[PDB]
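Residues 1 to 47 (PDB author numbering) make up the sequence shown, in order.
Report on one structure; see the data block that follows.
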Amino acid sequence: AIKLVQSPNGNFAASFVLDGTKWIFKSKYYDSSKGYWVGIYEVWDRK
(Lines of atoms letter the chains of each structure in order from A and count residues from 1; the text may use other names and numbers.)
(Lines give C-alpha, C1' and ligand atoms only; values in the text may rest on other atoms or scores of the structure.)
Protein backbone atom coordinates (compact mmCIF):
# COMPACT_ATOMS: atom_id res chain seq x y z
CA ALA A 1 0.00 0.00 0.00
CA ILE A 2 1.21 3.54 -0.88
CA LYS A 3 2.14 6.30 1.60
CA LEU A 4 2.00 10.10 1.17
CA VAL A 5 5.22 11.88 2.17
CA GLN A 6 6.50 15.49 2.57
CA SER A 7 10.09 16.66 3.40
CA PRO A 8 12.62 19.27 2.11
CA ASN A 9 15.34 16.67 1.26
CA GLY A 10 13.18 14.88 -1.41
CA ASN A 11 15.26 11.70 -0.74
CA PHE A 12 14.73 9.44 -3.80
CA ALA A 13 14.66 5.92 -2.25
CA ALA A 14 14.03 4.09 -5.62
CA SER A 15 12.97 0.68 -4.14
CA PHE A 16 13.42 -1.63 -1.09
CA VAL A 17 12.25 -4.97 0.42
CA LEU A 18 10.74 -5.13 3.95
CA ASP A 19 8.61 -7.79 5.72
CA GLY A 20 8.64 -10.14 2.69
CA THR A 21 7.08 -7.35 0.54
CA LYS A 22 8.66 -5.21 -2.24
CA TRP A 23 8.53 -1.40 -2.10
CA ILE A 24 9.04 1.06 -5.04
CA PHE A 25 8.76 4.68 -6.36
CA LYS A 26 5.48 6.08 -7.80
CA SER A 27 5.55 9.96 -7.96
CA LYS A 28 7.22 13.05 -6.41
CA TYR A 29 7.23 16.84 -7.07
CA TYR A 30 8.52 20.03 -5.40
CA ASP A 31 5.65 21.93 -3.73
CA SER A 32 6.98 25.48 -4.21
CA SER A 33 4.01 26.86 -2.17
CA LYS A 34 5.59 25.24 0.97
CA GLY A 35 9.24 24.83 -0.14
CA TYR A 36 9.54 21.03 0.27
CA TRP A 37 9.23 17.87 -1.83
CA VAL A 38 5.93 15.96 -1.70
CA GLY A 39 5.14 12.54 -3.21
CA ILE A 40 3.01 9.44 -3.53
CA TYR A 41 5.33 6.54 -2.77
CA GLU A 42 5.43 2.83 -1.95
CA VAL A 43 8.90 2.92 -0.29
CA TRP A 44 9.85 6.40 1.03
CA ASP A 45 9.07 6.90 4.75
CA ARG A 46 10.09 10.58 5.20
CA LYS A 47 13.77 9.73 5.99
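The C-beta atom is built at its ideal place from N, Cα and C for all residues, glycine as well.
The beta strand (DSSP E) enclosing residue i, as first and last residue numbers
| i | result |
| --- | --- |
| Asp45 | Element bounds for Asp45: n/a, residue is neither H nor E. |
| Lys3 | 3-7 |
Per DSSP, cross-strand counterpart(s) of residue i
| i | result |
| --- | --- |
| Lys22 | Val17 |
Neighbourhood of residue i by C-beta distance below 6 Å, restricted to the same chain and skipping five residues each side
| i | result |
| --- | --- |
| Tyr41 | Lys3, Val5, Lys26 |
| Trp44 | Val5, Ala13 |
| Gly39 | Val5, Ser27, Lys28 |
Three-state secondary structure assigned by DSSP to residue i
| i | result |
| --- | --- |
| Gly39 | strand |
| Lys34 | coil |
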